[PDB]
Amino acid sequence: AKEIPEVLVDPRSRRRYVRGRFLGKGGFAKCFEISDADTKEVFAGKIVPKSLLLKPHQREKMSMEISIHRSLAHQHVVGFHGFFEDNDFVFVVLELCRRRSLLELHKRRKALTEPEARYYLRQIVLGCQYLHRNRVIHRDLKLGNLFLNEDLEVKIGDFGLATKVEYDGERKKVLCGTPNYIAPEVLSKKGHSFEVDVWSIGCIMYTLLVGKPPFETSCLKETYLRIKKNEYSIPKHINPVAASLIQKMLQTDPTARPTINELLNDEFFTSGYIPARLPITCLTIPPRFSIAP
């Protein structure tokens, strides 16, 4: 094997990070809490060994992820605080999100209450508005990529499938990777762009409100077939205003969906209660939003 160092030094910034506890691993990366030995402030470190970056294509994907993410700064995007490397590893320094992601929330709570769905969906949309106006398509928005800080604020992360739109009307023809909430224009390989992320948000909203994803089966290719056929249903207990907005977003024709900028003007948002914040108990117990002191 090749061992990961206990202290990480960036020679340009002159900065040292002590490697703390293990956060998880996925794709090519192992992740740890890392504290700046000097400033003592804590980060999420993503460490990827160069032994798995032997092919130029895999290196280029890494370089792109970093290039896209380093140029982003927004309240609902994961803060990018630096990156550096030695002969064995690439280290990326990211904003630590102490409440993990909406994945862990969903596992614990299943369907959320409408106001909670509204609260998270608004921050997800705001994050994505920022992306899209800077010509970035995320292309893998999912529960696992929507991180939550201490105050239950959403931070969009994992730009491993993101791409920049370089000219007006550019249709991306290729997507290297397998998103979760994957849009029909991708699956048929007919060309794709910004609308891909609105599709994913539609899936996310369905999941948050219903407690299961709209095209789930026990087989991935069977699911892609459902998505091709637009074969989902919205349970009757879902409110019509929410159901309508889901249906607008989850449409086969990309050009028929709303754009990211329209969404917060939908009646789902403008005529429903949007809490200003959620108490920490919302990780565990459904909130009833009492008017009581």
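Residue indices: 1-based, along the sequence shown.
With 21 to 29 and 273 to 281 compared on mean CA B-factor from the PDB entry, the stretch scoring higher is 21 to 29. The entry lists a Cα temperature factor for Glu231 that places it in the highest third of the chain's modelled residues.
Remark: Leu8 belongs to the lowest third of its chain, ranked by C-alpha B-factor as recorded. Sort the modelled residues of the chain by CA B factor and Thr207 lands in the lowest third. When the modelled residues of the chain are ordered by their C-alpha B factor, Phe89 lands in the highest third. Ranked by C-alpha B-factor against the other modelled residues of its chain, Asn180 falls in the highest third.
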